[PDB]
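Chemist: Sharing a structure here in structure tokens format.
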Amino acid sequence: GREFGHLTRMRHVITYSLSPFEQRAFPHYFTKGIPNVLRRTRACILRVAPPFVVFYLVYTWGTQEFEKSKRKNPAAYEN
Amino acid sequence: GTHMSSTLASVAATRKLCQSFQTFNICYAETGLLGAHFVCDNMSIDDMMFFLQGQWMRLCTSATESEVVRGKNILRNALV
């Protein structure tokens with residue numbers, strides 16, 4: 002059913018590989034990894050962060066508002 | 321057929337795993353290619369490879385005298 006041999010039909014695709022004992026496990030890990038991470042972060046920061054920033058603003062206001070509510074009201078004890 | 325002395329050949333004949341396979345030793349001045357080449361159906365390659373590799377491992381770990389004598393006779397016949 003789902004086995005290597007009849008999954009799909011592919012033609013004229015040549016793949017070149019290398020032995021894991023002939024290549025480095027961390028090739029250019031920081032020279033190319035760090036720029037790549039920045040690219041990925043930049044592409045997603047404007048789609049992931051903004052919703053969470055709203056939560057932080059709501060969380061701060063709610064915490065402050067709850068504190069203010071418990072605070073003493075001088076006008077209530079006037080007269 | 322299935323009575324071939326080579327265990328890989330016997331398995332290939334019995335299970336219909338391979339249309340044709342052959343081991344080769346292509347030597348060059350300072351290097352060479354030592355291995356095998358086979359022609360198989362779509363759904364057989366894996367199995368064939370398995371058995372082929374197993375054969376190699378046997379020779380690396382457990383090779384007996386009778387099969388070595390047979391191989392020596394085969395090599396003598398090929399040379400002559």
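Residue numbers (the entry's author numbering), protein chains in the order written: chain Aa, 2 to 80; chain 5, 321 to 400. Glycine residues also receive a C-beta, built at the ideal position from the N, C-alpha and C atoms.
(1) Roughly how many whole angstroms lie between the Cα atoms of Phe31 (chain Aa) and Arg41 (chain Aa)?
(2) Under 8 Å by Cβ, that's how I've got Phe371 (chain 5) and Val331 (chain 5) pegged, so tell me the actual separation to the nearest angstrom.
(3) How many Å lie between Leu379 (chain 5) and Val49 (chain Aa) at the Cα?
(4) Compute the minimum distance between the beta carbon of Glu350 (chain 5) and the heavy atoms of the ligand ATP, and state whether it is under 7 Å.
(5) How big is the Cα-Cα spacing for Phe341 (chain 5) and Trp376 (chain 5)?
(6) Mind checking whether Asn345 (chain 5) and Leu337 (chain 5) have CB atoms under 8 Å apart?
(7) Closest Cβ-Cβ distance between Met368 (chain 5) and chain Aa: below 8 Å?
(8) Counting only Cβ pairs nearer than 9 Å, list the residues of chain Aa close to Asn397 (chain 5).
(9) Below 7 Å on C-beta distance, what does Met363 (chain 5) contact in chain Aa?
(10) For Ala333 (chain 5) versus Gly352 (chain 5), is the C-beta distance shorter than 8 Å?
(11) Within the same chain, show all residues whose beta-carbon is closer than 7 Å to that of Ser325 (chain 5), passing over the 5 residues directly before and after it, in chain order.
(12) Tell me the DSSP secondary structure of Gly321 (chain 5) in three-state form.
Modeler: Here's the rundown:
(1) Rounded to whole angstroms, the gap between the alpha carbons of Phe31 (chain Aa) and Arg41 (chain Aa) is 15 Å.
(2) The C-beta separation of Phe371 (chain 5) from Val331 (chain 5) comes to about 5 Å, placing the pair in contact by the 8 Å criterion.
(3) Roughly 58 Å between the two C-alpha positions.
(4) The ligand ATP is not part of the structure shown, which contains no ligands of any sort.
(5) Going from the Cα of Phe341 (chain 5) to the Cα of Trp376 (chain 5) covers about 14 Å.
(6) The Cβ atoms of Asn345 (chain 5) and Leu337 (chain 5) lie no closer than 8 Å to each other.
(7) At least 8 Å separates the CB of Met368 (chain 5) from every CB of chain Aa.
(8) By Cβ distance, chain Aa contributes nothing, its closest Cβ being about 36 Å from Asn397 (chain 5), past 9 Å.
(9) The answer, in chain order, is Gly6.
(10) No, these two residues do not count as a Cβ contact at 8 Å.
(11) If you ignore the 5 residues before and after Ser325 (chain 5), its C-beta comes within less than 7 Å of the C-beta of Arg390, all in its own chain and listed in chain order.
(12) The answer is coil: DSSP assigns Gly321 (chain 5) none of H, G, I, E or B.
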